[PDB]
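Okay, structure first, notes after.
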Amino acid sequence: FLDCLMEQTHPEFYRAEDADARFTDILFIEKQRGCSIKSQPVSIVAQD
Amino acid sequence: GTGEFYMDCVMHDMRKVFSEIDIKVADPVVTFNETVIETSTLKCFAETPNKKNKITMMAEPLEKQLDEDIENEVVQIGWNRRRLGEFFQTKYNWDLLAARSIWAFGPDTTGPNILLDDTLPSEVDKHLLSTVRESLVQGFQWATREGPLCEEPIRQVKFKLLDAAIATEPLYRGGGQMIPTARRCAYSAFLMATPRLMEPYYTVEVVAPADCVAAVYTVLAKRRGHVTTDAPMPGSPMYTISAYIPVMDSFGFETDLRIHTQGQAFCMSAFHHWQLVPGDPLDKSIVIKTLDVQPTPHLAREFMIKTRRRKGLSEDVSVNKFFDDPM
Amino acid sequence: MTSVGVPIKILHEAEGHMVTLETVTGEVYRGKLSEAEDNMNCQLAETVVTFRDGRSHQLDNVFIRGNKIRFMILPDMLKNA
Amino acid sequence: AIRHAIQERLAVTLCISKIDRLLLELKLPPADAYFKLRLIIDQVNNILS
Amino acid sequence: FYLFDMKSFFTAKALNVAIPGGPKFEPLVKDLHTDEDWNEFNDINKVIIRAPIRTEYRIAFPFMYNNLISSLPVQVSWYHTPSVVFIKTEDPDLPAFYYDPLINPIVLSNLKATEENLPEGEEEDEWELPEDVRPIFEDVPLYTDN
RNA sequence: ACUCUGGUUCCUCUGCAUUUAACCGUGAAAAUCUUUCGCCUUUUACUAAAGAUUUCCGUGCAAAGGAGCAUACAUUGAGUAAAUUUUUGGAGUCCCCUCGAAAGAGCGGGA
Ligand SMILES: Nc1nc2c(ncn2[C@@H]2O[C@H](COP(=O)(O)OP(=O)(O)OP(=O)(O)O)[C@@H](O)[C@H]2O)c(=O)[nH]1
Ligand SMILES: [Mg+2]
């Protein structure tokens, strides 16, 4: 879900057509395990 | 750590992120706790080394879920004595006179044990007893931190102080006299109260389709766990099976479950409660020959003894090292 | 929403900041713009009113009707939105 | 997560995610999808109450 | 493919163990048998054993259950994927969207129904939607034969 | 109002496809070197693992040129088309006191 907010606020943010980007799973073990292991913050400006 | 997958990540970071050295890893275990399942039959006294003061204590099983309330800070020993006393008399229906007389939680300010002052003020004056109060609390917290069976923390014991001869003058009631002696009194009350071990239990939620339910019980049965609810997931084909399993028997539970179901089952596990290890840990009729997994009545004897071997303690509790014989 | 001109959009982003506005009768109100509207009705919290003689008062809330506002001073950072 | 949030005195709010799984995997008729969504909201409010 | 996937075969090869039905390789480290050290850290008298740490668990959690993993190229497998629940339709005559009887009914016996704060009273029942407003795909059929 | 271009399909050249968790390749070869295992009276051809490099069958995109087919000017980068309370169809004008040569200005006052 955060991948969508990233994609909306970052024009160059790439989501694969067939795999989740998981921008906030920044650790390589989170990339490999496929689950979020540690919390990652993301500050963005967004319009209501 | 909290579970298998937690340690796998903690150790991964130890290997690949932080330490970059070879580490031996032991087989996983759990910390046990110690409890008494019965009311202390004798009342147990401990004379201070100077042979002047005479502490007396008893031990009891602590009533259901009061330890969860203490540990979750639903009640706090730092509250004002009316508010503190109000909690015990309102929620647990305690006598108001008892509720005034709590002296500590232990082994820390949120620990699952209570010390009470059951000393009636005719037998010793409340002021003199108040002079040694802080030493008695500190030896009780020492006792409950180590505990007499296998030096694992005591839990869910209600210790009542109920008598105290105390010397008239400070040099005969010093902290170094009282603090070791309250430990010996707590330990003698403990070992009279029918001691037992406690192990932590997970609560397991399994989501699996209908045909995998018989596998779930089969994998639980090998690990002493049991199913407490088996309900369909609404608007789904899967079912939800809820179960308690010992943490000590949960290592590889998730892996066993997924393999015997081809990953059609998956499960997740959280700590839920402390429950007695079965059997009597002090039963010397049981010998722990290490050839095989012990049958379930011997577990308390095994877990105690091997925890003593691990910690570098003597093989067996010399229970009479604390008691007086005509106690 | 449906499109509306940039000045009104910027006014909605001026919400929550301090603003100053002068009314057609000349009084200057400084306050925190708690609400704006597409007709630029304004609710100011925490308001200070300044009369043309230079006296002043605090006012806890003010609603000013949109077609009675002469101009506003928005905050500076809104030039980046 | 809901209970721990209330204990920590956080404002609990709800997103019912992965709603495509009703359409595409479960294939519930739209009427039965509404009941599935409603029950999730009911389950959550059962916790809050 | 839990424990029968590419990463679990890599971990098995690295640990010099074999999955039942997996491939078997020449030992990557030739002398991992040297755990016959008789040191007290491994002492069978001190360890409590409940279910034996069989090699599936060594592969499933490579780092909690193994030594030397800085020199061994052990690999994490993907932990879990939320199980897909698509049931194949048997009958072409069924609607594309139908409540399959393998899906459990949407009920729970003891939930309170949530309070629906619907608009009420005489002025509010008269609220009408304009005559052109219409669902966003009203004339499209919900499903086709495709 | 300015300059900017015909669609398609194919050929060929050039450049780029390293911050790899992972993937130019949802497939999968061969060699060399170094090392360690097994064959063995030697070498070749080998066993089967590691590490480092190569070759080979392939891949993507951009850009340029050409070659065939049937044929269309728009359109990209730069930039077009509401008199009834909250803005764009008038609550507008005029007249005294004050400072000041001079013309404005007061929540000034009056029709
Ligand atoms: N059908 C469907 N699947 C989704 C959707 N969003 C995510 N998923 C899938 O669900 C899985 C989990 O997605 P994640 O984004 O990793 O969810 P997550 O909660 O952050 O996982 P953790 O943080 O580790 O608990 C992946 O396999 C996703 O492909 C969705 O919107 N619809
Ligand atoms: Mg020769």
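Chains as they are written, first to last, in the deposited numbering: chain A, 148 to 195; chain B, 635 to 961; chain C, 1 to 81; chain D, 245 to 293; chain E, 244 to 389.
No residue lacks a Cβ here, since even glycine has one placed at the ideal position from N, Cα and C.
Residue 256 of chain D and residue 640 of chain B have their C-alpha atoms spaced approximately 27 angstroms apart. Residue nearest to residue 914 of chain B within the set B:882, B:871 and B:825 is B:825 (criterion: CA-CA distance).
C-alpha of residue 733 of chain B to C-alpha of residue 837 of chain B: approximately 33 angstroms in a straight line.
Annotation: residue 193 of chain A to residue 81 of chain C spans about 11 angstroms, alpha carbon to alpha carbon. The stretch 747-760 of chain B and the stretch 793-802 of chain B touch, with three or more beta-carbon pairs separated by less than 8 angstroms. Residue 687 of chain B is positioned such that its CB atom lies closer than 7 angstroms to that of residue 800 of chain B. If you ignore the 5 residues before and after residue 167 of chain A, its C-beta comes within less than 8 angstroms of the C-beta of 150, all in its own chain and listed in chain order.
Following the DSSP letters along the chain, one finds residue 31 of chain C inside the beta strand (DSSP E) bounded by residues 28-36. Per DSSP, the beta bridge partners of residue 679 of chain B are B:690. Per DSSP, residue 385 of chain E is not a residue of any beta strand (DSSP E), being assigned neither H nor E.
In chain order, 184 place their CB closer than 7 angstroms to the CB of residue 176 of chain A, counting only its own chain and leaving out the 5 sequence neighbours on each side. The Cβ atoms of residue 934 of chain B and residue 831 of chain B lie closer than 7 angstroms to each other.
Contact annotation: residue 39 of chain C and residue 16 of chain C have beta-carbon atoms that are not nearer than 7 angstroms. In the structure shown, residue 162 of chain A adopts coil according to DSSP, grouped into three states.
Shown here, residue 830 of chain B sits in a strand according to DSSP, grouped into three states.
Contacts with chain B at 7 angstroms (Cβ-Cβ) include residue 280 of chain D. Within 8 angstroms of the CB of residue 184 of chain A, the CB atoms of chain B belong to 643, in sequence order along the chain. Within chain B, 871 have C-beta atoms less than 9 angstroms from the C-beta of residue 330 of chain E, given in sequence order. The beta carbon of residue 937 of chain B is closer than 7 angstroms to those of 666, 831 and 911 in its chain, skipping five residues each way along the sequence.
In the three-state DSSP reduction, residue 61 of chain C falls in the strand class (E or B).
With respect to the C-alpha of residue 807 of chain B, the residue from B:654, B:767 and B:713 having the closest C-alpha is B:767.
Ligand 1 has a heavy atom closer than 6 angstroms to the beta-carbon of residue 182 of chain A. Not one beta carbon of chain D lies nearer than 7 angstroms to the beta carbon of residue 866 of chain B. Within the stretch 303-322 of chain E, the residues whose Cβ lies closer than 9 angstroms to any Cβ of chain A are, in chain order, 318, 319, 320, 321 and 322. In this structure, the straight-line span from the alpha carbon of residue 7 of chain C to that of residue 20 of chain C is close to 16 angstroms.
Set against 6 angstroms, the gap from the CB of residue 282 of chain D to the closest heavy atom of ligand 1 is not smaller. In the three-state scheme derived from DSSP, where H, G and I count as helix and E and B as strand, residue 287 of chain D is classed as helix. Inter-segment contact for the stretch 274-281 of chain D and the stretch 289-309 of chain E is absent: fewer than three beta-carbon pairs are separated by less than 8 angstroms. For ligand 1, no non-hydrogen atom lies closer than 6 angstroms to the CB of residue 779 of chain B.
Distances from the CA of residue 339 of chain E to each of E:307, E:389, E:347 and E:264 were compared; the closest alpha carbon is that of E:389.
With its beta carbon less than 7 angstroms from one in chain E, residue 882 of chain B belongs to the interface. Within chain A, the residues placing a beta-carbon under 8 angstroms from that of residue 646 of chain B are 176, ordered along the chain.
If you check the CB distance, residue 664 of chain B and residue 882 of chain B come in under 7 angstroms. Cβ neighbours of residue 813 of chain B within its own chain (closer than 6 angstroms, five residues either side excluded): 769, 772 and 773. For residue 880 of chain B, the enclosing beta strand (DSSP E) covers residues 873-880. Secondary structure note for residue 10 of chain C: it is in no beta strand (DSSP E), and the uninterrupted alpha helix (DSSP H) holding it is 6-14.
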